[PDB]
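A.B. asks: For reference, this is input21.txt, and it has compact mmCIF, N, CA and C atoms.
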# COMPACT_ATOMS: atom_id res chain seq x y z
N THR A 532 -8.46 41.92 4.41
CA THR A 532 -8.42 43.36 4.21
C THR A 532 -9.71 43.84 3.55
N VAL A 533 -10.23 44.96 4.06
CA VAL A 533 -11.45 45.56 3.52
C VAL A 533 -11.08 46.29 2.23
N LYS A 534 -11.56 45.78 1.10
CA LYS A 534 -11.27 46.37 -0.19
C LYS A 534 -12.32 47.41 -0.54
N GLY A 535 -12.22 47.98 -1.74
CA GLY A 535 -13.16 48.98 -2.19
C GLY A 535 -14.58 48.44 -2.24
N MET A 536 -14.79 47.41 -3.04
CA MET A 536 -16.06 46.71 -3.04
C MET A 536 -16.10 45.74 -1.86
N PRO A 537 -17.15 45.76 -1.03
CA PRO A 537 -17.27 44.81 0.08
C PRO A 537 -17.66 43.42 -0.41
N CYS A 538 -16.92 42.92 -1.40
CA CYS A 538 -17.35 41.78 -2.19
C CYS A 538 -16.37 40.62 -2.15
N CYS A 539 -15.10 40.86 -2.46
CA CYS A 539 -14.05 39.85 -2.34
C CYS A 539 -12.91 40.43 -1.52
N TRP A 540 -12.50 39.70 -0.49
CA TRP A 540 -11.50 40.18 0.45
C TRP A 540 -10.12 39.68 0.05
N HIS A 541 -9.13 39.99 0.88
CA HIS A 541 -7.74 39.58 0.64
C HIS A 541 -7.07 39.43 2.00
N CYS A 542 -6.88 38.19 2.45
CA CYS A 542 -6.29 37.93 3.76
C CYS A 542 -4.78 37.98 3.62
N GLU A 543 -4.19 39.11 3.99
CA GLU A 543 -2.74 39.26 3.95
C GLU A 543 -2.14 38.83 5.28
N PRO A 544 -1.08 38.03 5.28
CA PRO A 544 -0.53 37.54 6.55
C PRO A 544 0.09 38.66 7.37
N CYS A 545 -0.12 38.60 8.68
CA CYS A 545 0.43 39.59 9.59
C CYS A 545 1.86 39.19 9.96
N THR A 546 2.46 39.91 10.90
CA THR A 546 3.82 39.62 11.32
C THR A 546 3.84 38.39 12.22
N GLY A 547 5.06 37.96 12.57
CA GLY A 547 5.22 36.81 13.44
C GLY A 547 4.77 37.05 14.87
N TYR A 548 4.71 38.31 15.29
CA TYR A 548 4.28 38.68 16.63
C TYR A 548 2.86 39.23 16.66
N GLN A 549 2.07 38.97 15.62
CA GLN A 549 0.70 39.44 15.52
C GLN A 549 -0.24 38.25 15.40
N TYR A 550 -1.24 38.20 16.27
CA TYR A 550 -2.21 37.12 16.29
C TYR A 550 -3.48 37.53 15.55
N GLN A 551 -4.04 36.59 14.79
CA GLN A 551 -5.27 36.84 14.03
C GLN A 551 -6.45 36.79 14.99
N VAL A 552 -6.63 37.89 15.73
CA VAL A 552 -7.75 37.98 16.66
C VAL A 552 -9.06 38.19 15.91
N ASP A 553 -9.14 39.27 15.14
CA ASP A 553 -10.31 39.56 14.33
C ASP A 553 -10.07 39.16 12.88
N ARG A 554 -11.14 39.21 12.09
CA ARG A 554 -11.06 38.87 10.68
C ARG A 554 -10.62 40.04 9.81
N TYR A 555 -10.64 41.27 10.34
CA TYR A 555 -10.26 42.45 9.59
C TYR A 555 -8.96 43.08 10.07
N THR A 556 -8.47 42.71 11.25
CA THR A 556 -7.24 43.29 11.77
C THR A 556 -6.64 42.34 12.80
N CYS A 557 -5.32 42.32 12.87
CA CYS A 557 -4.60 41.51 13.83
C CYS A 557 -4.43 42.26 15.15
N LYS A 558 -4.04 41.53 16.18
CA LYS A 558 -3.82 42.08 17.51
C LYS A 558 -2.46 41.61 18.03
N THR A 559 -2.08 42.12 19.20
CA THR A 559 -0.80 41.79 19.81
C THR A 559 -1.04 41.29 21.23
N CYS A 560 -0.67 40.04 21.49
CA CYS A 560 -0.78 39.46 22.81
C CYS A 560 0.46 39.77 23.63
N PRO A 561 0.36 39.73 24.97
CA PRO A 561 1.51 40.08 25.81
C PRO A 561 2.70 39.14 25.65
N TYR A 562 3.78 39.42 26.37
CA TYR A 562 5.00 38.64 26.26
C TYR A 562 4.77 37.21 26.73
N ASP A 563 5.74 36.35 26.43
CA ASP A 563 5.68 34.92 26.73
C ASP A 563 4.44 34.26 26.11
N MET A 564 4.02 34.76 24.95
CA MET A 564 2.84 34.26 24.26
C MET A 564 3.13 34.29 22.76
N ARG A 565 3.45 33.13 22.20
CA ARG A 565 3.75 33.02 20.77
C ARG A 565 2.46 32.80 19.98
N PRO A 566 2.22 33.57 18.93
CA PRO A 566 0.99 33.38 18.14
C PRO A 566 0.96 32.00 17.50
N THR A 567 -0.17 31.31 17.68
CA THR A 567 -0.32 29.97 17.13
C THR A 567 -0.47 30.03 15.61
N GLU A 568 -0.28 28.87 14.98
CA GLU A 568 -0.40 28.79 13.53
C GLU A 568 -1.85 29.00 13.09
N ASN A 569 -2.79 28.33 13.75
CA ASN A 569 -4.20 28.46 13.43
C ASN A 569 -4.80 29.64 14.19
N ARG A 570 -6.08 29.91 13.93
CA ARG A 570 -6.80 31.01 14.58
C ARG A 570 -7.26 30.54 15.96
N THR A 571 -6.31 30.54 16.90
CA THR A 571 -6.59 30.12 18.27
C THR A 571 -6.13 31.11 19.33
N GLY A 572 -5.21 32.02 19.01
CA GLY A 572 -4.73 32.98 19.99
C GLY A 572 -3.22 32.99 20.12
N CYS A 573 -2.73 32.89 21.35
CA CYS A 573 -1.30 32.87 21.62
C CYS A 573 -1.01 31.80 22.66
N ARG A 574 -0.15 30.84 22.31
CA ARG A 574 0.24 29.74 23.18
C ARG A 574 1.40 30.15 24.08
N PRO A 575 1.45 29.63 25.30
CA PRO A 575 2.53 30.00 26.22
C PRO A 575 3.88 29.50 25.74
N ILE A 576 4.91 30.29 26.03
CA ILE A 576 6.27 29.94 25.62
C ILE A 576 6.79 28.82 26.51
N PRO A 577 7.28 27.72 25.94
CA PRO A 577 7.82 26.63 26.77
C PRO A 577 9.09 27.08 27.49
N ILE A 578 9.07 26.98 28.82
CA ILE A 578 10.20 27.37 29.66
C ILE A 578 10.69 26.15 30.42
N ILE A 579 12.01 26.00 30.50
CA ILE A 579 12.62 24.88 31.20
C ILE A 579 13.54 25.41 32.29
N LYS A 580 14.17 24.50 33.04
CA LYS A 580 15.07 24.88 34.12
C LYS A 580 16.43 24.21 33.99
N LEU A 581 16.79 23.77 32.78
CA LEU A 581 18.07 23.11 32.52
C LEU A 581 18.24 21.88 33.41
N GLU A 582 17.32 20.93 33.25
CA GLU A 582 17.37 19.70 34.04
C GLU A 582 18.53 18.81 33.60
N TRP A 583 18.59 18.49 32.31
CA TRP A 583 19.67 17.64 31.80
C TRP A 583 21.00 18.39 31.83
N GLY A 584 21.07 19.52 31.13
CA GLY A 584 22.29 20.31 31.09
C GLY A 584 23.40 19.65 30.31
N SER A 585 23.09 19.19 29.10
CA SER A 585 24.05 18.50 28.25
C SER A 585 25.04 19.44 27.57
N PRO A 586 24.60 20.51 26.86
CA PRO A 586 25.55 21.28 26.05
C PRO A 586 26.66 21.96 26.84
N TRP A 587 26.30 22.78 27.83
CA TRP A 587 27.31 23.55 28.55
C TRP A 587 27.05 23.58 30.05
N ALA A 588 26.48 22.50 30.60
CA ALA A 588 26.22 22.43 32.03
C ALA A 588 26.70 21.14 32.68
N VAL A 589 27.14 20.15 31.91
CA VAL A 589 27.65 18.92 32.51
C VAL A 589 29.13 19.03 32.86
N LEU A 590 29.90 19.82 32.11
CA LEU A 590 31.31 20.05 32.41
C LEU A 590 31.47 20.84 33.70
N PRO A 591 30.71 21.93 33.92
CA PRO A 591 30.79 22.59 35.23
C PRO A 591 30.40 21.68 36.38
N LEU A 592 29.37 20.85 36.19
CA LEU A 592 28.97 19.93 37.25
C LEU A 592 30.07 18.91 37.54
N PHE A 593 30.71 18.38 36.50
CA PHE A 593 31.80 17.43 36.70
C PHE A 593 32.97 18.09 37.42
N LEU A 594 33.35 19.30 37.00
CA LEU A 594 34.44 19.99 37.67
C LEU A 594 34.08 20.30 39.12
N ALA A 595 32.81 20.60 39.38
CA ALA A 595 32.39 20.91 40.74
C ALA A 595 32.43 19.67 41.63
For the file at hand, write its structure as structure tokens.
C.D. replies:
Amino acid sequence: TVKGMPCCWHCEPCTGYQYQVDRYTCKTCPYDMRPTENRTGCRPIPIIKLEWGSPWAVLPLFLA
């Protein structure tokens, strides 16, 4: 954060959906992009297709 004196700053953490793009202000990346922990941008959201189907997909398969 830009303080009164341009001398000592204060890096206040942004929200969970805000990426540290610049050093003075955060930005917002599009959907399916989770902000990374480090200053790298936004990583893609891991998407699956229910291959195993253990919790609530093996009983329908067995009945079928």
A.B. asks: When you draw a straight line from CA of residue 548 (chain A) to CA of residue 560 (chain A), how long is it in Å?
C.D. replies: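 Going from CA of residue 548 (chain A) over to CA of residue 560 (chain A), I get 8.0 Å.
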A.B. asks: DSSP on the backbone: which residues in chain A end up as helix (DSSP H, G or I)? Give the answer as a ChimeraX atom specification.
C.D. replies: /A:589-594
A.B. asks: Record the distance separating CA of residue 573 (chain A) and CA of residue 547 (chain A), expressed in Å with one decimal.
C.D. replies: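 So the answer is 11.2 Å.
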A.B. asks: Tell me which protein, DNA and RNA residues are within 8 Å of residue 550 (chain A), counting all atoms listed in the file, leaving out same-chain ones fewer than 2 positions away, and put them as number ranges by chain.
C.D. replies: A: 545-548, 552-553, 556-560, 565-567, 570-573
A.B. asks: What is the distance between CA of residue 549 (chain A) and CA of residue 574 (chain A), in Å to one decimal?
C.D. replies: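 Taking CA of residue 549 (chain A) and CA of residue 574 (chain A), their separation equals 12.4 Å.
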A.B. asks: Quick one: what's the axis-aligned box for region 555-560 of chain A, all listed atoms, 8 Å on every side, centre and edges in Å to one decimal, as JSON?
C.D. replies:
{"center_x": -5.1, "center_y": 41.4, "center_z": 16.6, "size_x": 27.1, "size_y": 19.8, "size_z": 30.0}
A.B. asks: Have a look at A:583, A:569, A:592, A:538 and name the one nearest to residue 551 (chain A); count only N, CA and C atoms.
C.D. replies: A:569
A.B. asks: Output as a ChimeraX atom specification all residues of region 538-595 of chain A that backbone DSSP marks as strand (DSSP E).
C.D. replies: /A:564-566,573-575
A.B. asks: Tell me which protein, DNA and RNA residues are within 8 Å of residue 541 (chain A), counting only C-alpha atoms, leaving out same-chain ones fewer than 4 positions away, and put them as a list in words.
C.D. replies: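 Result of the neighbour search: residues 532, 533 and 534 of chain A.
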